[PDB]
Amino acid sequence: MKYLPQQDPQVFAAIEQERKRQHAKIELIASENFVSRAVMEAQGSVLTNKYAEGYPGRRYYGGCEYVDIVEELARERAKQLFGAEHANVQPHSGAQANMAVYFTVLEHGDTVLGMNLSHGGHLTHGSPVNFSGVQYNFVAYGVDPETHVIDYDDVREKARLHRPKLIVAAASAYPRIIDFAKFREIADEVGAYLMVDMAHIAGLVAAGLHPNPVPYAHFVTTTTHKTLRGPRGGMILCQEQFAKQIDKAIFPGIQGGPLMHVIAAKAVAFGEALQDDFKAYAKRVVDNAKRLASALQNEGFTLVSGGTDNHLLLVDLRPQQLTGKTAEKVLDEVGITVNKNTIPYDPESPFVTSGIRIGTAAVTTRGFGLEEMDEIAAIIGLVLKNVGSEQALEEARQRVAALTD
């Protein structure tokens, strides 16, 4: 950094603190990752200066000649990656992406079937304190009480009982592969659209390690920053019969000017995803996730669903008579960054919760493999099973320190 340190030592100090913390801690938040320098250079570019309301070739402003190239690259690399018919790379968030789809297909008060929030569903899938749950009438479907796998009989029963205008599939915390085909079938049965929110698993879908929802859904929404390893932003993929409406939902509907600089970073992120070692990288996340789980089970921990088929895991903390809030706190001292997360049928609420959610995308990006996963679990065991021991804490500290050197 050149001009920042000289003009804003306060902001620069904060960013340097953050740049060091990212290397110091062992980052297990499942949502997170670390982008390349190419990706940062694109969002730190001068594309922030351009107003480009509209779409490539159909803008509301002059001079969008070169910013149209960047959007088309993003769109055509996105279509190459997921094999969708159309792509909208302007959504600012995963939330704005969801909001735009819902905007396009639903009316105020329509009924929507989305995954139960404490079973794995996301905020924008029906929380009553989110716009989705205020704007629309969401009914939830859940996971099996003992296997913690989506109950497809439950999904079809809710579907037929509530007759939803659209069905949402996917999650923020479900460690198992989601069967898009059954979702498509149930929706056809009741004449509902299908929306797949692939945010968490988009990089895994991209590398062939998770079934692709594109062939089965009308609308596919994603973030560009979780397993896809891109800039913070959103994206909508859809059949070409919904394209004109999807694009109008984004603009002139819920958004204003896109973030061309972030759209250039999405373009770079997708570029990286199309390359062969992204497929390689993705396999290690999933392998590392598998390994981490097993290592955790060996330390005596209980995992919701018994393990994972993707990048994240959900620890049911109860048997260490722990809550997810203290677990989270405790590991933040020793350098492990996780996030408290409700568990299916959690006996407590989503402010305290009974578990921690963990993922390997970030550490895998920094080069950790199987044997370093074994140690992460070891340290989590040492720490969580001996919560007030200052000696356990400090031991934890050197071992984390030994991993991030």
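The numbering used is simple: start at 1 and walk along the sequence shown.
Hey, which bit's got the bigger mean C-alpha B factor in the entry, 170-178 or 93-101?
On average, C-alpha B-factors are higher across 170-178.
On average, are the C-alpha B-factors higher in 330-338 or in 103-111?
It is 330-338.
Of the choices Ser132, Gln241, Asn88, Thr223, which one's C-alpha carries the largest B-factor in the record?
Of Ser132, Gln241, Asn88, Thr223, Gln241 has the highest C-alpha B-factor.
From the list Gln255, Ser127, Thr227, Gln321, select the residue with the highest C-alpha B factor recorded in the entry.
Highest C-alpha B-factor among the listed residues goes to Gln321.
Split the chain's modelled residues into thirds by Cα B-factor; is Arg184 in the lowest, middle or highest one?
It belongs to the middle third of the chain when residues are ordered by C-alpha B-factor.
Can you work out whether the C-alpha temperature factor of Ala361 puts it in the lowest, middle or highest third of the chain?
Answer is lowest: the recorded C-alpha B-factor places it there.
Looking at the temperature factor on the CA atom of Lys325, which third of the chain's modelled residues does it land in?
Highest third - that is where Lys325 ends up once the chain's C-alpha B-factors are sorted.
Which third, lowest, middle or highest, does the C-alpha temperature factor of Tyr51 belong to within its own chain?
Ranked within chain, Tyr51 CA B lands in the lowest tercile.
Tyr66 CA temperature factor, ranked by third within the chain:
As the PDB entry reports it, the C-alpha B-factor of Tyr66 lands in the middle third of its chain.
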